[PDB]
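So the sequence lines, in the order shown, correspond to chains A and B. The first sequence lines up with residues 22 to 338, 342 to 698 when you count with the authors' numbering. The second sequence lines up with residues 24 to 338, 342 to 697 when you count with the authors' numbering. Even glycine gets a Cβ: it sits at the ideal position worked out from N, Cα and C. Worksheet: the structure to be examined is printed underneath.
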Amino acid sequence: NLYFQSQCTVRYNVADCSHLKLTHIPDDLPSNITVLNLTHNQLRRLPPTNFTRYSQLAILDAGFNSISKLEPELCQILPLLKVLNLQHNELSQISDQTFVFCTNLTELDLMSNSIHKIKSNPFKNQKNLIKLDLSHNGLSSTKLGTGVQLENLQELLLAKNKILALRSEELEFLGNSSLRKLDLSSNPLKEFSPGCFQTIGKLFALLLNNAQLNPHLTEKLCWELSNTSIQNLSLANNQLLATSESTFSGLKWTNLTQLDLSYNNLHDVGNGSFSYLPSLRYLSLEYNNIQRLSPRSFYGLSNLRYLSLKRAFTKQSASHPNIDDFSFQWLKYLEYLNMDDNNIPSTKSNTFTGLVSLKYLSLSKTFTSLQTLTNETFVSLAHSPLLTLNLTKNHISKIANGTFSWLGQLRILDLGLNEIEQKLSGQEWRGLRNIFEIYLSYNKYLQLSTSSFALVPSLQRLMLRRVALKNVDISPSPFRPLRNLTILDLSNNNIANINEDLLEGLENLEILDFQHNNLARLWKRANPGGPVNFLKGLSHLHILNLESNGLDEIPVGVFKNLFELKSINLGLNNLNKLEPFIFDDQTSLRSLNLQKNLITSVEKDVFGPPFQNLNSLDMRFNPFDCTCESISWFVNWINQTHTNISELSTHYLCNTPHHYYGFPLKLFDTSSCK
Amino acid sequence: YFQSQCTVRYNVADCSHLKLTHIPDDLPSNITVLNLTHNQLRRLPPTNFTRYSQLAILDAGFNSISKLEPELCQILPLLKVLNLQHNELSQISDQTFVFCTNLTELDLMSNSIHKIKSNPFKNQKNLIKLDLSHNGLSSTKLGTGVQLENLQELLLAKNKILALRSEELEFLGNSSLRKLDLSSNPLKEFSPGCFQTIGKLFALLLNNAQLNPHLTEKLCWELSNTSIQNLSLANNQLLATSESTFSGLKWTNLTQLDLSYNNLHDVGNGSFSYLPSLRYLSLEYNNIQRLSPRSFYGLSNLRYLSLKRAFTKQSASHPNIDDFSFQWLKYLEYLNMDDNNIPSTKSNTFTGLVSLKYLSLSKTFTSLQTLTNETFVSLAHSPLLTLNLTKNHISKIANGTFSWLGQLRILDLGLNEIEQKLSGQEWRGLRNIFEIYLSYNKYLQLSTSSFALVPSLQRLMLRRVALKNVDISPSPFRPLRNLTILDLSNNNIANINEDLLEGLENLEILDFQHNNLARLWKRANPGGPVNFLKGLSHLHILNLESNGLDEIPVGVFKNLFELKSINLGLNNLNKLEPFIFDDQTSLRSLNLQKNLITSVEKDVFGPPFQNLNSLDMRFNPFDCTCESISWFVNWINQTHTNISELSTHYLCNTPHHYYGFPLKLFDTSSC
RNA sequence: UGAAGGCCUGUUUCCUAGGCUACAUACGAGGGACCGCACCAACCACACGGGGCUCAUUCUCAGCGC
């Protein structure tokens, strides 16, 4: 799509003029503008005179053009300039006089230009520069001056260049400038001269992603990083195939906080390799090939508070990863441990010993040979105040009675996307006196029973999507004990029969999702038994979704006294007949969806009440009757209501009476009908 | 959806899928058909049909009928065809079919007649096609005297017949059976005289009958000395064959023989020596391991043969057809050989095939990758007329590979990995070529002398081949004086010199889609607007879809008086130069869907609209003002042209007061 | 010259991604004889949009070297 039209859509002092194949600078624009998003055009230069119209510009974005030369007069003509952007342009030379007049500049970007060299003090007048960018413009020396300059610099970026080493002298121009992010990623460094980083005033973060490092190189690097204030350090995308004690020997004189080692094919962690980081707090090990772990692998990290292991262990191949017991006895303050995407065979009897502060534990798709959660696979976690356990995608097939007898402090439990297939006798949840949510969606099937949920009265949420439930109509209802339940998602299970005892006593329920369950027959005027009213006394219902159940007649009385309903979704059904006064008690309705039905007439004795305060209505794809007797009131309401109706003009068509087959509803003439 | 009283038609009252329980009577008395298929009827009282004694064929399939009445026949004396499949009948008494005599076809397929003991078909002297397939029978006996004199097509599939007694078939003494279906019956015995007892037997189907070489040997020894012409043996355990396997067939004028789906493993030496009249043979979906020059010995009269998926799979076990394999099939004319794993063609494989005309090789090879000047020496003595060679991963051809097939007409080379510069010598010798199929290859580099050696070409397909070197003078297509179709489509042609297509006076179809030739058409004109459609006066259908066009030059359609279809969909046309279609008066089809057209004026669309039969211009941001669409909307109100999806896909995206307004609903009076 | 880039056009691939189709299979009702219809679900197939990426040959830079 396009419709970029001729002139650019000018807005409130933000004149975006992207993708217009411009060649000149537009001048007609008001003199009160502060922004010029000139991105994505084919300009050749910026004459500093064609901007005399508006000396009110604040930020200039001229990225994605073919600018080859800037002029010093541009700065003085635009004295209120703060941010400049010239990425993906074709500059080649920066003279000593170019940036002389720009002094209110704070951010300056020159990313994909071609400054192969710089030999001057061109940033002298830049006492307000905060974020300087030079990433990917083919440089070969980090030197940008000879005296202490850029006093208030804050975020320097030098990615994708041809820097070969960091001389001690070619960085001394940062004597008293607090660098808070020094990006140097993807620079083929080969040497770190002594004093290379100590010369900077303050250094906080440092990015050396894709810098082709090796253990020797990073050893020299770390020996040159000591005795500074570094706090974040990343080493992604390297050849750090191994580590030992001497690898990070230099880091002992720093208050390091983060350390990223992702994407290194890190193969074997040496014994005590982190003994020198008693302040590390955020560690990553993602996407590597750790073969084994020993109780010395994490020795000394007595102060960690986060750790990721997502895809950290070797692949499946007959080579299988092996984390031996007592591996985490040192991480006495750890609280989060992601362990997704691994191939650990199963949990041993002491794996998580000593983790007396673990709170959040994820295990999504970490196992290959579990298939059964017995009462001993979690004995190692008996001493951890857990608050979450993500266990999706493990091909779990069955659970034993009292597996979770240990996690007496758990809140959320995730069991979705497995092959659980058993009768929930109710003893599986033994001990979870503090459970708060349980996630069972996407399993094979479960056979509920009267005493299934009796052991977890404090439950508050419950998800049973696509689980193909059975034995759902049993008295008393298995849900009766859950006095504190609020959400229910008993959806996409295909429930043929719903005894009306279900949901009795769940007074606190607020969300009920009951889609794709083919409960059609239950609603009937033919009534083998009196029309079911399972929505008996849930007075706290807000959103009730009964979509795609082949409904064709809602009994009168099912919505009686549910005064707080906010959204009703009855889409994808066969409703055509609408009993009078079905929505008499729904006055707070804010959302109503009856799309994709067989409704032919929209009368007032049904839709008045809900229409009285509606904010959003969706009733498209319906064979409306285009006669004033069937739609006159509706069309009037459409003419005089402020409700948000989506796709009004195109998806409200009458399939009758041919004289109007295709006629837009809103266009229906109503005058001569009374 | 829509159900209601069934949609009655001209004396054909279809009332399917209505969950009926009674028989409708309101229907006229001039009806001849009742398609009562797919309902829930329990039975058919022969009195509720008294209304119309004019019925001719009754279709009561897919119901729950449990009993019919003899009075039904006499109440409906003009009944000819009956159908009761997937019903639940259980017993056929001697009096049920007594009054039906004008019956010709009778079907009782999925009923439950576990037994029949009477002469119930006595009054059936007009029965032609009787069906009893899949109703749980255990004896083919249907009577005791010669009955069903004019029977013609008997079916007995999916039953529990265990053998064919000589006596339990004698009720067909003088009835010419022309199709005796017995598929999927676990036969174990063939008593002597089993088939000779029938008057005449022409075809016989024994599909899925669990046969073995011994069983079929006894069968064939009991089939001799009859008039059988077609015989099928699909889906069996015929794991091997020898000379004695078909020893009995020597006394028959057999014509067809199907052996598909048998895991047929090894053809014995001379195993077909007894069929000097076989004319249509099949061997599909088996596991022939090897072929010997004796494998087809004696079949001196064959005229068709399929080998699709006949050879063993890839596994290190590879099929091997040795040389001189077809020296006996001196009258063969068709040979399908799809889906095999023959490594390559030897130097004598097709020797002796001096009558082969149609040869297919679609996906038969695995290790060809190069068609040299010797892979077809074995075909030097065959008047071929087709060669299907798709899906062989061919990578390159040598000069003069086709120097042998001097009588070929159609050549198929699509769906391969051909990647070379067509120097022009590849087609050496094809002085009679008629069509060449090159679509779906890697890429070809054309040259001035590419097609110079095949002047008699008439069709040419170059779809998705990613052409290069297309603008060279003179055009490589210039020599093809007889070309008619061109399909130079989906190749992305940046530059088209206007010399191309000059002299192809006989061209009728040009397909030029998905080629992003946008720039060529331009008013800015680096060079004068290209007019490659210079003098093709025989053009009928011209498809230039999806090329990012935004301005057609004036003069490109001048004097092409026979154009019948123009497809300019999926472009960026918004501006329409006056009088672009002045010479297109015979236009029958016009497609301008999915464009940026905003106004439809008369000085452009008058002429084409004058005689149009079909127009497609949907998905366009029409201007809903009478100045832009008034004439169009009037024409829509007063024209008989076929416009598809008129009422829903012709919406104005302007001027908001009408955003979404159906075009046809646009009021025009006050303009 | 080569190398390098932003502008429009579009070619291929990749999914994701939706809807619609089509197929077997299943849970149900209801009728029925000793196994045929409606609702629903998932399944895979087919057609077509929609989201990323990778090529095209044009419109124009520079930096030259000589």
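Assigned exposure category for residue 44 of chain A - 16 Cβ within 10 Å defines buried = exposed
Under 6 Å Cβ to Cβ from residue 85 of chain B, same chain only, skipping five residues before and after it: list those, please.
-> The residues are 60, 61 and 109.
Is residue 481 of chain A closer than 7 Å to residue 339 of chain A when the C-beta atoms are compared?
-> Within the gap of chain A, which runs from 338 to 342, lies residue 339 of chain A, and it has no coordinates in the structure.
Once you ignore the five residues that flank residue 317 of chain A on each side, which residues in its own chain have a CB closer than 6 Å to its CB?
-> 292 and 293
Element boundaries [beta strand (DSSP E), containing residue 446 of chain B] = 445-447
Per DSSP, which one or two residues make a beta bridge with residue 487 of chain A?
-> A:463
Note down, in chain order, all residues in the segment 447-463 of chain A with a beta-carbon under 7 Å from any beta-carbon belonging to chain B.
-> none
Three or more beta-carbon pairs under 8 Å between the segment 78-95 of chain B and the segment 51-60 of chain B, yes or no?
-> yes
Cutoff 7 Å: residue 572 of chain A Cβ touching any chain B Cβ = no
Using a Cβ cut-off of 7 Å (strictly closer), state whether residue 552 of chain B contacts chain A.
-> no
Under three-state DSSP, which class holds residue 49 of chain A?
-> coil
Please list the partners that residue 561 of chain B has in chain A, where partner means a Cβ-to-Cβ separation under 9 Å.
-> Here the premise fails: no neighbours, minimum Cβ distance about 37 Å.
Could you pull out every residue in the same chain whose Cβ sits closer than 7 Å to the Cβ of residue 419 of chain A, ignoring the five residues on either side in sequence?
-> 395, 442 and 443
Once you ignore the five residues that flank residue 511 of chain B on each side, which residues in its own chain have a CB closer than 6 Å to its CB?
-> 485 and 535
Go through the segment 497-575 of chain A residue by residue and report every complete run of the beta strand (DSSP E) that reaches 3 residues or more, in order.
-> 535-537 and 567-569
Exposed unless 16 or more other CB atoms sit within 10 angstroms - verdict on residue 25 of chain B = With fewer than 16 other Cβ atoms inside 10 Å of its own Cβ, residue 25 of chain B counts as exposed.
Kindly indicate if chain B contains any beta-carbon less than 7 Å away from that of residue 674 of chain A.
-> Yes, contact with chain B.
With 8 Å as the C-beta to C-beta threshold (strictly closer), list the residues of the segment 677-694 of chain A near chain B in chain order.
-> 677, 685, 686, 687, 688 and 691
Secondary structure, beta strand (DSSP E): runs of 3+ residues fully inside the segment 204-255 of chain B = Note on the segment 204-255 of chain B: whole beta strand (DSSP E) runs with a minimum of 3 residues are 226-228 and 253-255, in chain order.
Take the Cβ of residue 502 of chain B as the centre, count every other Cβ of all protein chains shown within 10 Å, and call the residue buried at 16 or more, exposed below.
-> buried
Ends of the beta strand (DSSP E) at residue 94 of chain B?
-> Residue 94 of chain B -> not in any beta strand (DSSP E); alpha helix (DSSP H) instead, spanning 93-98.
Just reading off the alpha helix (DSSP H) that residue 592 of chain A is part of, what are its end residues?
-> That residue, residue 592 of chain A, is in no alpha helix (DSSP H); its beta strand (DSSP E) goes 591-593.
Would you report the Cα separation of residue 590 of chain A and residue 411 of chain A, rounded to the nearest angstrom?
-> 32 Å
So what's residue 117 of chain B in DSSP terms, helix, strand or just coil?
-> coil
Cα-Cα separation, residue 664 of chain A to residue 663 of chain B = 33 Å
Short Cβ contact (7 Å threshold) for residue 492 of chain B with residue 521 of chain B | no
Outcome for residue 685 of chain A when other beta-carbon atoms lying within 10 angstroms are tallied against a minimum of 16 = exposed
For residue 189 of chain A, which three-state DSSP category applies?
-> Taken through DSSP and simplified to helix, strand or coil, residue 189 of chain A comes out as coil.
Alpha carbon to alpha carbon, what distance is there between residue 450 of chain A and residue 270 of chain A?
-> 54 Å
What residues in its chain sit with their C-beta under 6 Å from that of residue 555 of chain A, if we drop five residues either side in the sequence?
-> 579
Mind checking which residues open and close the alpha helix (DSSP H) that includes residue 629 of chain B?
-> 628-635
With contact counted as at least three CB pairs below 8 Å, one residue from each stretch, are the segment 211-219 of chain A and the segment 165-184 of chain A in contact?
-> no
Looking only at DSSP bridge pairs, what is residue 678 of chain B linked to?
-> Note: residue 678 of chain B sits in a beta bridge opposite B:648.
Leaving aside the five residues before and after residue 206 of chain A along the sequence, list all residues of the same chain whose C-beta is less than 6 Å from its C-beta, in chain order.
-> These residues qualify, in order along the chain: 180, 228, 230 and 231.
Between residue 168 of chain A and the rest of its own chain, which residues show a CB-CB distance below 7 Å, the 5 nearest in sequence each way excluded?
-> 142 and 194
Enclosing beta strand (DSSP E) for residue 303 of chain B [first to last residue] = 303-305
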